[PDB]
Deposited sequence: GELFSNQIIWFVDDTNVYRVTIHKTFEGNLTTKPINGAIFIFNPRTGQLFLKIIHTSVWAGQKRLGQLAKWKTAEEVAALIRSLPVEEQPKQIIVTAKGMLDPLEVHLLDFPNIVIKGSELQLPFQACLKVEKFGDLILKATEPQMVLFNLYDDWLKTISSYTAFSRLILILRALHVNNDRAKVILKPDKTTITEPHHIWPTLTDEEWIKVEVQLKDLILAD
C-alpha cells in the first residue's frame, strides 16, 4: 500500500434488514437502505454508493445478490472514471466478492483483485451520524464523495492516517459508546461540519490512538 491506485471494497452494509417479531409471533424481515464503501487508503478518498431498497424488488437470496450488485456498481464507477483514475488493485475483505468482481471486471485486465484477512469494518460508519442519516433518508440510489482523513495528511503520512482510521473504525465497531467518549477528550472538542472526525492536537491523537487500541484489545 501507499506506492498504484488501490481500493478497498466493502459490501457488508449493502443488504440490510430490520427484523421484527409480529404480534402473531412470526419474523418479518424488511430491507432498509444500504451502502457500498469504496476506499483509497493513500488519499483518504471514500466513494459511498447508497443502495436504495427499490433495487431489491421481489427476488430471493438477496444476501447473495448483494455481492453481485456490489461488483456491478464497482464496475460502473470504474467505467465513469478516466483510465488514469482507475484502480490498479481492488482488495476485498469478504471472500464472496472475489468471483463477482472477476466476472464484472473482465474488460479491465490491468486490475488485480485480491482477498484480505484485514479487519476494516466500514459498518462502523453507519454509527457516524453523517453517514447513518444520509443512508437512512435516501429515496433513490446515489453516490457521495468523502475524505475520511479530514486534514490529517497536512502533518502525517498516509500510513499513519490509515492506521488511525482503522483504529477509529474498529473501536466504533466493538464499543461504540466507549469509542465516542475516547474521541471527545474535552467539553470543547468539536468536529468541523465538513469533517468526519474531531479536531484534536497531535498529543491528543497519541492518547486517543492508544486508548482505541486498548479498547479493541479488551473486546
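Unmodelled regions of the deposited sequence, numbered from residue 1: 1 to 2, 6.
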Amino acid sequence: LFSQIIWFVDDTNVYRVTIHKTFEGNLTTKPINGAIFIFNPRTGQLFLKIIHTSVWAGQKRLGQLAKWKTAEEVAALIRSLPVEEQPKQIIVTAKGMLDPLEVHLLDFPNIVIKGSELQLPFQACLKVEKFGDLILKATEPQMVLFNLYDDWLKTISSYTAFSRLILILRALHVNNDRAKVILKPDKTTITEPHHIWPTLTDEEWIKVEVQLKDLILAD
From here on, numbers count along this sequence of modelled residues.
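Higher average CA B factor: 182 to 190, of the stretches 182 to 190 and 162 to 170. A summary of the deposited B-factors shows that, of 36 to 44 and 63 to 71, the stretch with the larger mean C-alpha value is 63 to 71. Of all the options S116, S80, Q86, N110, the entry's greatest CA B-factor is assigned to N110. Out of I19, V14, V9, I196, it is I19 whose C-alpha atom has the highest B-factor in the PDB entry. Sort the modelled residues of the chain by CA B factor and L145 lands in the lowest third.
Per the deposited record, the Cα B-factor of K154 falls in the middle third when ranked against the other modelled residues of its chain. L120 sits in the middle third of its chain by CA B factor, as recorded in the PDB entry. Per-chain ranking of the deposited C-alpha B factor places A138 in the middle third. Among the modelled residues of the chain, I90 sits in the lowest third by CA temperature factor in this PDB entry.
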